[PDB]
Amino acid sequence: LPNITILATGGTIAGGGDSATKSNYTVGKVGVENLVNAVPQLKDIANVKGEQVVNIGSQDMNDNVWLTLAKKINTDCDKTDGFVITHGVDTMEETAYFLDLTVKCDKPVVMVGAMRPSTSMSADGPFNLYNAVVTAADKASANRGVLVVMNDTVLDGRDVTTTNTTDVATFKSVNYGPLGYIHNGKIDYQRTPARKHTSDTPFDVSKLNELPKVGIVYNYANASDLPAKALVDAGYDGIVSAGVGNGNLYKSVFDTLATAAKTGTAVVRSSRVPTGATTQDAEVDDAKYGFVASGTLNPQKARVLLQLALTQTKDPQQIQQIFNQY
């Protein structure tokens, strides 16, 4: 049976409340040892080894925990057959994409969380962790990049997002669909992401102790420019726009970001809209303003790529190329 490392980071999968029934809970309060011991059947599929990297709600996920995870996976690659990462739901789609672009270990890297605390009735965490180990132990899971395994489904780290605030079925690859489905401990894979990931990206974080500063500003009717101005005034390396419709910007926000672009801030148009590409050749002249179109990457995922892009280049054309390949 293969050797599988759980790296624990916290999340509701490690959460607890005073009632099995009430919705109230506090996050990252349970050790990895406890999560493992709640899944007795893990022994039938893997030799499991828990390490506790941090114990936080993923609402508090940050650059430093991203660098710690990537370096640790890359360092320990030769020491194990696979990784599972216990992690909160809230920013899982961000961590998952960061590790998909930075880890050079082509052995299965599987992220897993839970929508209901360990303490709740019909808790989802136990079977999720069982299914994440299944996936990490599966030879066919190798060379697919970093994965998220929730509700019996294997999702690629690039497309995967959380679609509902409470539903155990929340995680979906809303543009290009899942990679495979798990039934009775077995996976039928029918898809692998074409976009370049892991050992095919030039992004190497092994030496990095910080990441370029990238902010996200929201567009809506009568949008204030003040949030954009604050990011520019703090000398942010990049700004991602959560645009309306096909990545459009309220006029005030537009003007601030056009200005910033001219002083060498990187500016990526994304969209607040939950599915579909922010395209070139729409209502915005990107090449004129020195803006980048995010494609299918939602604002939080575009931040992930823009940060790593800013470690290679500050040129809008080369950042546009990066957004077309990764």
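Note that residue numbering follows the sequence shown and begins at 1.
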Mean B factor on CA atoms, stretches 155-163 and 135-143, record says higher is 135-143
Return whichever of 251-259 and 110-118 has the greater mean Cα B factor according to the PDB record. 251-259
For the C-alpha B-factor as written in the entry, point me to the maximum among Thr26, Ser270, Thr68, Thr279. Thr26
Which listed residue, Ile85, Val205, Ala123, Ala169, has the largest C-alpha temperature factor in the record? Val205
Sorting the chain's modelled residues by C-alpha B-factor and splitting them into thirds places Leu310 in the middle
Third of chain Cα B-factors occupied by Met61: lowest
Ranked against its chain, the third holding the CA B-factor of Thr265: highest
Split the chain's modelled residues into thirds by Cα B-factor; is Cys77 in the lowest, middle or highest one? highest
Consider only the C-alpha atoms of the modelled residues in this chain, order them by B-factor as the entry records it, and name the third containing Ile216: lowest, middle or highest. lowest
